[PDB]
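Given as structure tokens, the chain that follows is alone and in the form deposited in one PDB entry.
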């Protein structure tokens, strides 16, 4: 019982590299949240008792949290126990049922899983047309980024990993980016994305002015300082938080400052180009497999 369990955790934590860094992040997050509520309520946090998991979740639901997040909290616990030999809280009618009731309660009230505010072709062009005539080094990059973004529909972390070495041009001129790792695909073959003749121009302008080509293993996107001086590196990639930042700025520039409220998706974000390109594609009546080919 407690010898195998304790062992099963050592092996897992031992090979956490076999899990997404984020997975672990949320794990430790949920537990920290959970183990808190337990403390506050004087309850043994692990192994969680179903009844106790129920109140917890019901308590999350009352704090205003969104269904998906609750399913996460429930999800993390579920994995903490299963991957420990122990049985999961979802394996209890109390948890399994509270969860549905909850999900049904929120949805019935109108809760909905939002989607990033789209960045469609019009936005791109509108954006390009504007900053294209700018010599500002920070401007040449963002435009490059937003170009690859839209063009490739690549998630931002996938973009931030593009090695200068990964860049390759076709015989027709167009650039090509090779991608091995990606949220949904961990491959040594991966896929390559072709850039439109124009976006490649955009990308080329950035490289020159950035100096990212002084080294093949240099990250394609690097950071840029106030003095407009770039900073190629093959060890530190520009933070995805920053990329999401390119999207907020470009938006703020065209549409002004965010609402005062505080809601979400009131501006472009790391996924805008993906969802936007996607739409634009279907509205163009592109082949389904072609669409899937694009987003994967």
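Throughout, rigid core stands for the largest set of C-alpha atoms superposing within 1.5 Å between the two forms. Residue numbers count along the first chain shown, from 1.
Taking the root mean square of CA deviations in 6 other deposited structures of this protein after fitting on the rigid core, 255-263 and 28-36 differ, and the farther of the two is 255-263.
Taking the rigid core as the alignment reference, the C-alpha atoms of 37-45 lie farther on average from the displayed form in 6 other deposited structures of this protein than those of the other stretch among 37-45 and 244-252. Across the two stretches, 6-14 and 276-284, the PDB entry reports the greater mean Cα temperature factor for 6-14.
For the pair 133-141 and 185-193, the mean Cα B-factor is higher in 185-193. Remark: of 128, 121, 163, 205, 163 shows the highest value [criterion: C-alpha B-factor in the PDB entry].
Of the candidates 267, 242, 66, 234, the deposited coordinates give 234 the top C-alpha B factor.
Among all modelled residues in its chain, residue 61 ranks in the middle third by Cα B-factor. In the deposited entry, the Cα temperature factor of residue 246 places it in the lowest third of its chain's modelled residues. Compared with the other modelled residues of the chain, the Cα B-factor recorded for residue 101 ranks in the lowest third. Residue 253: CA B factor in the lowest third of modelled residues in this chain (values from the PDB entry). In the PDB entry, residue 155 places in the lowest third of its chain by CA B-factor.
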